[PDB]
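Coordinates from structure.pdb are shown below (PDB, C-alpha atoms).
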ATOM      1  CA  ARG A   1      48.168 -38.989  18.935  1.00  0.00           C
ATOM      2  CA  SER A   2      44.375 -38.933  18.601  1.00  0.00           C
ATOM      3  CA  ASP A   3      42.371 -41.751  20.174  1.00  0.00           C
ATOM      4  CA  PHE A   4      40.743 -42.107  16.749  1.00  0.00           C
ATOM      5  CA  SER A   5      42.093 -43.067  13.324  1.00  0.00           C
ATOM      6  CA  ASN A   6      40.496 -43.231   9.876  1.00  0.00           C
ATOM      7  CA  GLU A   7      42.315 -46.555   9.564  1.00  0.00           C
ATOM      8  CA  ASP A   8      39.626 -48.094  11.762  1.00  0.00           C
ATOM      9  CA  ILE A   9      37.505 -48.918   8.716  1.00  0.00           C
ATOM     10  CA  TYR A  10      40.123 -51.574   7.942  1.00  0.00           C
ATOM     11  CA  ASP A  11      39.636 -53.095  11.406  1.00  0.00           C
ATOM     12  CA  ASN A  12      35.856 -52.827  11.650  1.00  0.00           C
ATOM     13  CA  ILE A  13      34.951 -55.045   8.692  1.00  0.00           C
ATOM     14  CA  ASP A  14      31.981 -57.204   9.750  1.00  0.00           C
ATOM     15  CA  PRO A  15      33.224 -60.814   9.574  1.00  0.00           C
ATOM     16  CA  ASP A  16      29.671 -61.996   8.944  1.00  0.00           C
ATOM     17  CA  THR A  17      29.836 -60.428   5.474  1.00  0.00           C
ATOM     18  CA  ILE A  18      32.625 -62.856   4.612  1.00  0.00           C
ATOM     19  CA  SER A  19      31.730 -66.311   3.287  1.00  0.00           C
ATOM     20  CA  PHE A  20      33.603 -69.025   5.194  1.00  0.00           C
ATOM     21  CA  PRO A  21      35.935 -70.546   4.320  1.00  0.00           C
ATOM     22  CA  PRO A  22      37.171 -67.723   2.035  1.00  0.00           C
ATOM     23  CA  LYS A  23      38.227 -68.802  -1.455  1.00  0.00           C
ATOM     24  CA  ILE A  24      41.716 -67.403  -0.808  1.00  0.00           C
ATOM     25  CA  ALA A  25      42.161 -69.792   2.122  1.00  0.00           C
ATOM     26  CA  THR A  26      43.882 -72.803   0.569  1.00  0.00           C
ATOM     27  CA  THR A  27      45.846 -75.680   2.097  1.00  0.00           C
ATOM     28  CA  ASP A  28      49.108 -73.968   1.148  1.00  0.00           C
ATOM     29  CA  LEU A  29      48.279 -71.336   3.770  1.00  0.00           C
ATOM     30  CA  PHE A  30      46.017 -73.019   6.319  1.00  0.00           C
ATOM     31  CA  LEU A  31      45.984 -76.287   8.246  1.00  0.00           C
ATOM     32  CA  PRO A  32      42.980 -78.664   8.573  1.00  0.00           C
ATOM     33  CA  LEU A  33      41.882 -77.064  11.853  1.00  0.00           C
ATOM     34  CA  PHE A  34      41.197 -73.742  10.124  1.00  0.00           C
ATOM     35  CA  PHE A  35      38.512 -75.337   7.972  1.00  0.00           C
ATOM     36  CA  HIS A  36      36.671 -76.547  11.060  1.00  0.00           C
ATOM     37  CA  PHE A  37      35.776 -73.053  12.249  1.00  0.00           C
ATOM     38  CA  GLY A  38      32.064 -72.429  11.755  1.00  0.00           C
ATOM     39  CA  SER A  39      32.341 -68.848  10.538  1.00  0.00           C
ATOM     40  CA  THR A  40      34.737 -66.009   9.814  1.00  0.00           C
ATOM     41  CA  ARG A  41      33.746 -64.434  13.136  1.00  0.00           C
ATOM     42  CA  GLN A  42      34.607 -67.585  15.094  1.00  0.00           C
ATOM     43  CA  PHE A  43      38.051 -67.617  13.486  1.00  0.00           C
ATOM     44  CA  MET A  44      38.635 -63.906  14.143  1.00  0.00           C
ATOM     45  CA  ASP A  45      37.551 -64.222  17.783  1.00  0.00           C
ATOM     46  CA  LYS A  46      40.030 -67.055  18.285  1.00  0.00           C
ATOM     47  CA  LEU A  47      42.758 -65.077  16.527  1.00  0.00           C
ATOM     48  CA  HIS A  48      42.102 -62.129  18.851  1.00  0.00           C
ATOM     49  CA  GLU A  49      42.327 -64.512  21.790  1.00  0.00           C
ATOM     50  CA  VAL A  50      45.716 -65.881  20.691  1.00  0.00           C
ATOM     51  CA  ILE A  51      47.115 -62.449  19.852  1.00  0.00           C
ATOM     52  CA  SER A  52      46.144 -61.293  23.345  1.00  0.00           C
ATOM     53  CA  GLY A  53      48.336 -63.762  25.219  1.00  0.00           C
ATOM     54  CA  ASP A  54      51.554 -62.333  26.665  1.00  0.00           C
ATOM     55  CA  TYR A  55      54.486 -62.407  24.245  1.00  0.00           C
ATOM     56  CA  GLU A  56      57.847 -60.738  24.788  1.00  0.00           C
ATOM     57  CA  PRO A  57      59.762 -59.946  21.570  1.00  0.00           C
ATOM     58  CA  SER A  58      61.652 -63.163  22.413  1.00  0.00           C
ATOM     59  CA  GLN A  59      58.505 -65.274  22.053  1.00  0.00           C
ATOM     60  CA  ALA A  60      57.764 -64.836  18.354  1.00  0.00           C
ATOM     61  CA  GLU A  61      58.408 -68.560  18.024  1.00  0.00           C
ATOM     62  CA  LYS A  62      55.713 -69.413  20.558  1.00  0.00           C
ATOM     63  CA  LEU A  63      53.236 -66.999  18.976  1.00  0.00           C
ATOM     64  CA  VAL A  64      53.710 -68.609  15.572  1.00  0.00           C
ATOM     65  CA  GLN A  65      53.282 -72.060  17.086  1.00  0.00           C
ATOM     66  CA  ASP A  66      50.100 -71.022  18.901  1.00  0.00           C
ATOM     67  CA  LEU A  67      48.695 -69.503  15.697  1.00  0.00           C
ATOM     68  CA  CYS A  68      49.280 -72.907  14.125  1.00  0.00           C
ATOM     69  CA  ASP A  69      47.781 -75.037  16.914  1.00  0.00           C
ATOM     70  CA  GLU A  70      44.904 -72.716  17.850  1.00  0.00           C
ATOM     71  CA  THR A  71      43.890 -71.024  14.585  1.00  0.00           C
ATOM     72  CA  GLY A  72      45.271 -73.369  11.919  1.00  0.00           C
ATOM     73  CA  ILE A  73      47.507 -70.791  10.218  1.00  0.00           C
ATOM     74  CA  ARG A  74      50.652 -72.335   8.690  1.00  0.00           C
ATOM     75  CA  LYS A  75      53.801 -71.306  10.568  1.00  0.00           C
ATOM     76  CA  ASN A  76      55.812 -69.762   7.759  1.00  0.00           C
ATOM     77  CA  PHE A  77      52.674 -67.895   6.673  1.00  0.00           C
ATOM     78  CA  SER A  78      52.339 -66.295  10.114  1.00  0.00           C
ATOM     79  CA  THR A  79      56.056 -65.492  10.066  1.00  0.00           C
ATOM     80  CA  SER A  80      55.771 -63.867   6.643  1.00  0.00           C
ATOM     81  CA  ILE A  81      52.730 -61.862   7.765  1.00  0.00           C
ATOM     82  CA  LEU A  82      54.465 -60.668  10.941  1.00  0.00           C
ATOM     83  CA  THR A  83      57.341 -59.549   8.737  1.00  0.00           C
ATOM     84  CA  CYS A  84      55.190 -57.474   6.376  1.00  0.00           C
ATOM     85  CA  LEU A  85      53.529 -55.864   9.400  1.00  0.00           C
ATOM     86  CA  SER A  86      56.916 -54.814  10.808  1.00  0.00           C
ATOM     87  CA  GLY A  87      56.057 -56.938  13.836  1.00  0.00           C
ATOM     88  CA  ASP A  88      52.975 -54.904  14.806  1.00  0.00           C
ATOM     89  CA  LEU A  89      50.543 -57.473  16.252  1.00  0.00           C
ATOM     90  CA  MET A  90      47.824 -54.831  16.425  1.00  0.00           C
ATOM     91  CA  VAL A  91      47.598 -55.128  12.629  1.00  0.00           C
ATOM     92  CA  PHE A  92      47.438 -58.948  12.546  1.00  0.00           C
ATOM     93  CA  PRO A  93      43.616 -59.089  12.643  1.00  0.00           C
ATOM     94  CA  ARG A  94      43.419 -56.336  10.005  1.00  0.00           C
ATOM     95  CA  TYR A  95      45.529 -58.511   7.695  1.00  0.00           C
ATOM     96  CA  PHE A  96      43.099 -61.448   7.827  1.00  0.00           C
ATOM     97  CA  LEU A  97      39.923 -59.371   7.659  1.00  0.00           C
ATOM     98  CA  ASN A  98      41.089 -57.618   4.486  1.00  0.00           C
ATOM     99  CA  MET A  99      42.647 -60.712   2.960  1.00  0.00           C
ATOM    100  CA  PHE A 100      39.306 -62.482   3.451  1.00  0.00           C
ATOM    101  CA  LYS A 101      37.147 -59.533   2.431  1.00  0.00           C
ATOM    102  CA  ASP A 102      38.763 -59.230  -1.002  1.00  0.00           C
ATOM    103  CA  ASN A 103      40.357 -62.666  -1.252  1.00  0.00           C
ATOM    104  CA  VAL A 104      43.788 -61.286  -2.149  1.00  0.00           C
ATOM    105  CA  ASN A 105      47.049 -62.257  -0.423  1.00  0.00           C
ATOM    106  CA  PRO A 106      48.396 -59.864   0.652  1.00  0.00           C
ATOM    107  CA  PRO A 107      45.797 -57.066   0.785  1.00  0.00           C
ATOM    108  CA  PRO A 108      47.441 -54.556  -1.620  1.00  0.00           C
ATOM    109  CA  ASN A 109      46.143 -51.227  -0.305  1.00  0.00           C
ATOM    110  CA  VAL A 110      45.890 -51.469   3.467  1.00  0.00           C
ATOM    111  CA  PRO A 111      47.672 -49.150   5.924  1.00  0.00           C
ATOM    112  CA  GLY A 112      50.151 -51.146   8.007  1.00  0.00           C
ATOM    113  CA  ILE A 113      50.479 -53.985   5.492  1.00  0.00           C
ATOM    114  CA  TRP A 114      53.748 -53.634   3.575  1.00  0.00           C
ATOM    115  CA  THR A 115      53.693 -55.164   0.103  1.00  0.00           C
ATOM    116  CA  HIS A 116      56.702 -56.074  -2.032  1.00  0.00           C
ATOM    117  CA  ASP A 117      56.002 -52.951  -4.079  1.00  0.00           C
ATOM    118  CA  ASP A 118      55.844 -50.759  -0.962  1.00  0.00           C
ATOM    119  CA  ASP A 119      59.264 -52.045   0.097  1.00  0.00           C
ATOM    120  CA  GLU A 120      60.739 -51.464  -3.363  1.00  0.00           C
ATOM    121  CA  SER A 121      59.422 -47.909  -3.193  1.00  0.00           C
ATOM    122  CA  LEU A 122      60.898 -47.406   0.284  1.00  0.00           C
ATOM    123  CA  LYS A 123      64.310 -48.648  -0.878  1.00  0.00           C
ATOM    124  CA  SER A 124      64.251 -46.188  -3.778  1.00  0.00           C
ATOM    125  CA  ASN A 125      64.781 -42.449  -4.068  1.00  0.00           C
ATOM    126  CA  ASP A 126      61.823 -41.919  -6.407  1.00  0.00           C
ATOM    127  CA  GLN A 127      59.864 -39.311  -4.453  1.00  0.00           C
ATOM    128  CA  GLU A 128      56.637 -40.011  -6.354  1.00  0.00           C
ATOM    129  CA  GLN A 129      56.538 -43.557  -4.986  1.00  0.00           C
ATOM    130  CA  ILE A 130      57.612 -42.384  -1.526  1.00  0.00           C
ATOM    131  CA  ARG A 131      54.786 -39.836  -1.604  1.00  0.00           C
ATOM    132  CA  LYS A 132      52.237 -42.627  -1.962  1.00  0.00           C
ATOM    133  CA  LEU A 133      54.012 -44.716   0.705  1.00  0.00           C
ATOM    134  CA  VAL A 134      53.723 -42.090   3.427  1.00  0.00           C
ATOM    135  CA  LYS A 135      50.093 -41.433   2.472  1.00  0.00           C
ATOM    136  CA  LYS A 136      49.386 -45.153   2.919  1.00  0.00           C
ATOM    137  CA  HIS A 137      51.423 -46.027   6.021  1.00  0.00           C
ATOM    138  CA  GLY A 138      52.439 -42.730   7.596  1.00  0.00           C
ATOM    139  CA  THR A 139      55.889 -41.434   8.527  1.00  0.00           C
ATOM    140  CA  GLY A 140      56.063 -43.358  11.791  1.00  0.00           C
ATOM    141  CA  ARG A 141      55.641 -46.715  10.056  1.00  0.00           C
ATOM    142  CA  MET A 142      58.112 -45.734   7.339  1.00  0.00           C
ATOM    143  CA  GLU A 143      60.782 -44.997   9.951  1.00  0.00           C
ATOM    144  CA  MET A 144      60.028 -48.279  11.709  1.00  0.00           C
ATOM    145  CA  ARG A 145      60.300 -50.038   8.335  1.00  0.00           C
ATOM    146  CA  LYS A 146      63.624 -48.361   7.460  1.00  0.00           C
ATOM    147  CA  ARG A 147      64.703 -49.618  10.864  1.00  0.00           C
ATOM    148  CA  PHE A 148      63.551 -53.161  10.015  1.00  0.00           C
ATOM    149  CA  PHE A 149      65.730 -53.128   6.889  1.00  0.00           C
ATOM    150  CA  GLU A 150      68.856 -52.498   8.950  1.00  0.00           C
ATOM    151  CA  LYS A 151      69.498 -56.164   9.786  1.00  0.00           C
TER     152      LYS A 151
END
Mind turning this structure into structure tokens?
Amino acid sequence: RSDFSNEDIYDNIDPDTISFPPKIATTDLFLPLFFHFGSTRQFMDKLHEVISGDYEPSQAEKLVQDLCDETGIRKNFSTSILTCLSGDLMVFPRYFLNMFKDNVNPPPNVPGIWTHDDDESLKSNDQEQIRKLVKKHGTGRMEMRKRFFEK
């Protein structure tokens, strides 16, 4: 694989261009603590800090709890996000940056973020929908997703 990726534009969004707190951030998704961050950048920096701690695939529970106590993200929200990312933590920050940039939950057209529609397409045999899926996520992620289904 190349050290570079055109997906980086989804990770390099300048948090300072995002009004805080984002309109999409409601109490059904975030805890009181979240609303005490002074800016989108402060929140993202803390999120990066949490995500960096050591977590073995057995510590998803602890990660979710930390995301609640440190960043103010509701637990089942974090769980749902981790699920649509196929467990790829590297895409966790991307999820929030894009959700906040366009105030849509979940971001509908972001590589690595599997929407309900993407999953329906993956479960089907309609090659036109699968064509768009691989363009969006890539074959590697599709295989990992197919894997995820098996359970």
Discussion item. Please expand the PyMOL selection byres ((chain A and resi 137-141) around 10) into the concrete residues it hits in this file, giving the result as a ChimeraX atom specification.
Written reply: /A:7,85-86,88,109-114,118,131-136,142-147
Worksheet entry | Distance of CA of residue 13 in chain A from CA of residue 41 in chain A, expressed in Å to one decimal place | 10.5 Å
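Nearest residue to residue 82 in chain A, choosing from A:55, A:119, A:48, A:60 and counting only C-alpha atoms: A:60.
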Discussion item. Please determine, counting all atoms listed in the file, which residue among A:28, A:93, A:15, A:66 has the shortest atom-to-atom distance to residue 53 in chain A.
Written reply: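 Counting all atoms listed in the file, the residue closest to residue 53 in chain A is A:66.
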Worksheet entry | Length of the CA of residue 21 in chain A to CA of residue 49 in chain A vector [Å] | 19.6 Å
Practice prompt. Quote the spacing between CA of residue 42 in chain A and CA of residue 107 in chain A in Å to one decimal place.
Written response: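 According to the coordinates, CA of residue 42 in chain A and CA of residue 107 in chain A are separated by 21.0 Å.
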Discussion item. Which residue is closest to residue 71 in chain A? Choose from A:18, A:130, A:122, A:51 and count all atoms listed in the file.
Written reply: A:51
Give me the box for range 88-103 of chain A as lines of an AutoDock Vina configuration file, namely the centre and edge lengths in Å to one decimal of a box along x, y and z that holds every listed atom plus 4 Å on each side.
center_x = 45.1
center_y = -58.7
center_z = 7.6
size_x = 23.8
size_y = 15.8
size_z = 25.7
Discussion item. Evaluated on this file, the PyMOL selection byres ((chain A and resi 104) around 12) picks out some residues - which ones are they, written as a PyMOL selection string?
Written reply: chain A and resi 22-26+95-103+105-110+115
Would you save the residues from that selection as a PDB file, in the coordinates of the input, using C-alpha atoms?
ATOM      1  CA  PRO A  22      37.171 -67.723   2.035  1.00  0.00           C
ATOM      2  CA  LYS A  23      38.227 -68.802  -1.455  1.00  0.00           C
ATOM      3  CA  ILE A  24      41.716 -67.403  -0.808  1.00  0.00           C
ATOM      4  CA  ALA A  25      42.161 -69.792   2.122  1.00  0.00           C
ATOM      5  CA  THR A  26      43.882 -72.803   0.569  1.00  0.00           C
ATOM      6  CA  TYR A  95      45.529 -58.511   7.695  1.00  0.00           C
ATOM      7  CA  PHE A  96      43.099 -61.448   7.827  1.00  0.00           C
ATOM      8  CA  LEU A  97      39.923 -59.371   7.659  1.00  0.00           C
ATOM      9  CA  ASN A  98      41.089 -57.618   4.486  1.00  0.00           C
ATOM     10  CA  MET A  99      42.647 -60.712   2.960  1.00  0.00           C
ATOM     11  CA  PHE A 100      39.306 -62.482   3.451  1.00  0.00           C
ATOM     12  CA  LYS A 101      37.147 -59.533   2.431  1.00  0.00           C
ATOM     13  CA  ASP A 102      38.763 -59.230  -1.002  1.00  0.00           C
ATOM     14  CA  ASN A 103      40.357 -62.666  -1.252  1.00  0.00           C
ATOM     15  CA  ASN A 105      47.049 -62.257  -0.423  1.00  0.00           C
ATOM     16  CA  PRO A 106      48.396 -59.864   0.652  1.00  0.00           C
ATOM     17  CA  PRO A 107      45.797 -57.066   0.785  1.00  0.00           C
ATOM     18  CA  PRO A 108      47.441 -54.556  -1.620  1.00  0.00           C
ATOM     19  CA  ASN A 109      46.143 -51.227  -0.305  1.00  0.00           C
ATOM     20  CA  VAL A 110      45.890 -51.469   3.467  1.00  0.00           C
ATOM     21  CA  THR A 115      53.693 -55.164   0.103  1.00  0.00           C
TER      22      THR A 115
END
Worksheet item: Within 10 Å of range 63-65 of chain A, counting all atoms listed in the file, which residues qualify if same-chain residues fewer than 6 places away don't, as a count of residues only?
Response: 17
Worksheet item: Which is closer to residue 83 in chain A than all the others in A:4, A:11, A:70, A:116, using only C-alpha atoms?
Response: A:116
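Closest approach to residue 14 in chain A among A:58, A:2, A:39, A:121 is made by A:39 (distances from all atoms listed in the file).
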Could you complete range 20-34 of chain A so that it carries N, CA, C and O atoms, and give it back as a PDB file, in the frame of the given file?
ATOM      1  N   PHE A  20      32.575 -68.175   4.601  1.00  0.00           N
ATOM      2  CA  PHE A  20      33.603 -69.025   5.194  1.00  0.00           C
ATOM      3  C   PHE A  20      33.467 -70.477   4.737  1.00  0.00           C
ATOM      4  O   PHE A  20      32.370 -71.027   4.726  1.00  0.00           O
ATOM      5  N   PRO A  21      34.584 -71.114   4.344  1.00  0.00           N
ATOM      6  CA  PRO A  21      35.935 -70.546   4.320  1.00  0.00           C
ATOM      7  C   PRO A  21      36.161 -69.719   3.058  1.00  0.00           C
ATOM      8  O   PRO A  21      35.688 -70.079   1.977  1.00  0.00           O
ATOM      9  N   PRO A  22      36.890 -68.597   3.180  1.00  0.00           N
ATOM     10  CA  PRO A  22      37.171 -67.723   2.035  1.00  0.00           C
ATOM     11  C   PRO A  22      37.901 -68.480   0.933  1.00  0.00           C
ATOM     12  O   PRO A  22      38.724 -69.350   1.210  1.00  0.00           O
ATOM     13  N   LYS A  23      37.602 -68.139  -0.316  1.00  0.00           N
ATOM     14  CA  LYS A  23      38.227 -68.802  -1.455  1.00  0.00           C
ATOM     15  C   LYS A  23      39.755 -68.712  -1.407  1.00  0.00           C
ATOM     16  O   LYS A  23      40.453 -69.632  -1.834  1.00  0.00           O
ATOM     17  N   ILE A  24      40.271 -67.604  -0.887  1.00  0.00           N
ATOM     18  CA  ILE A  24      41.716 -67.403  -0.808  1.00  0.00           C
ATOM     19  C   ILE A  24      42.391 -68.325   0.207  1.00  0.00           C
ATOM     20  O   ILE A  24      43.610 -68.513   0.174  1.00  0.00           O
ATOM     21  N   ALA A  25      41.605 -68.897   1.112  1.00  0.00           N
ATOM     22  CA  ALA A  25      42.161 -69.792   2.122  1.00  0.00           C
ATOM     23  C   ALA A  25      42.349 -71.195   1.557  1.00  0.00           C
ATOM     24  O   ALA A  25      41.409 -71.986   1.507  1.00  0.00           O
ATOM     25  N   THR A  26      43.569 -71.495   1.129  1.00  0.00           N
ATOM     26  CA  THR A  26      43.882 -72.803   0.569  1.00  0.00           C
ATOM     27  C   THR A  26      44.787 -73.566   1.530  1.00  0.00           C
ATOM     28  O   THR A  26      45.273 -73.005   2.515  1.00  0.00           O
ATOM     29  N   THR A  27      45.016 -74.844   1.237  1.00  0.00           N
ATOM     30  CA  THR A  27      45.846 -75.680   2.097  1.00  0.00           C
ATOM     31  C   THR A  27      47.316 -75.278   2.114  1.00  0.00           C
ATOM     32  O   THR A  27      48.076 -75.742   2.959  1.00  0.00           O
ATOM     33  N   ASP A  28      47.722 -74.421   1.182  1.00  0.00           N
ATOM     34  CA  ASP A  28      49.108 -73.968   1.148  1.00  0.00           C
ATOM     35  C   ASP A  28      49.321 -72.905   2.216  1.00  0.00           C
ATOM     36  O   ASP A  28      50.456 -72.564   2.545  1.00  0.00           O
ATOM     37  N   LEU A  29      48.220 -72.392   2.759  1.00  0.00           N
ATOM     38  CA  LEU A  29      48.279 -71.336   3.770  1.00  0.00           C
ATOM     39  C   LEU A  29      47.693 -71.726   5.123  1.00  0.00           C
ATOM     40  O   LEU A  29      48.128 -71.227   6.166  1.00  0.00           O
ATOM     41  N   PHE A  30      46.696 -72.603   5.099  1.00  0.00           N
ATOM     42  CA  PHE A  30      46.017 -73.019   6.319  1.00  0.00           C
ATOM     43  C   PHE A  30      46.022 -74.521   6.550  1.00  0.00           C
ATOM     44  O   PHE A  30      46.044 -75.311   5.608  1.00  0.00           O
ATOM     45  N   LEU A  31      45.994 -74.894   7.825  1.00  0.00           N
ATOM     46  CA  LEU A  31      45.984 -76.287   8.246  1.00  0.00           C
ATOM     47  C   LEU A  31      44.538 -76.760   8.375  1.00  0.00           C
ATOM     48  O   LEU A  31      43.617 -75.948   8.415  1.00  0.00           O
ATOM     49  N   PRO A  32      44.323 -78.085   8.453  1.00  0.00           N
ATOM     50  CA  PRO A  32      42.980 -78.664   8.573  1.00  0.00           C
ATOM     51  C   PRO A  32      42.078 -78.003   9.611  1.00  0.00           C
ATOM     52  O   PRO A  32      40.890 -77.782   9.358  1.00  0.00           O
ATOM     53  N   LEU A  33      42.642 -77.687  10.773  1.00  0.00           N
ATOM     54  CA  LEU A  33      41.882 -77.064  11.853  1.00  0.00           C
ATOM     55  C   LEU A  33      41.144 -75.804  11.410  1.00  0.00           C
ATOM     56  O   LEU A  33      39.994 -75.587  11.791  1.00  0.00           O
ATOM     57  N   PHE A  34      41.805 -74.977  10.609  1.00  0.00           N
ATOM     58  CA  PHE A  34      41.197 -73.742  10.124  1.00  0.00           C
ATOM     59  C   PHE A  34      39.825 -73.980   9.509  1.00  0.00           C
ATOM     60  O   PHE A  34      38.871 -73.250   9.779  1.00  0.00           O
TER      61      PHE A  34
END
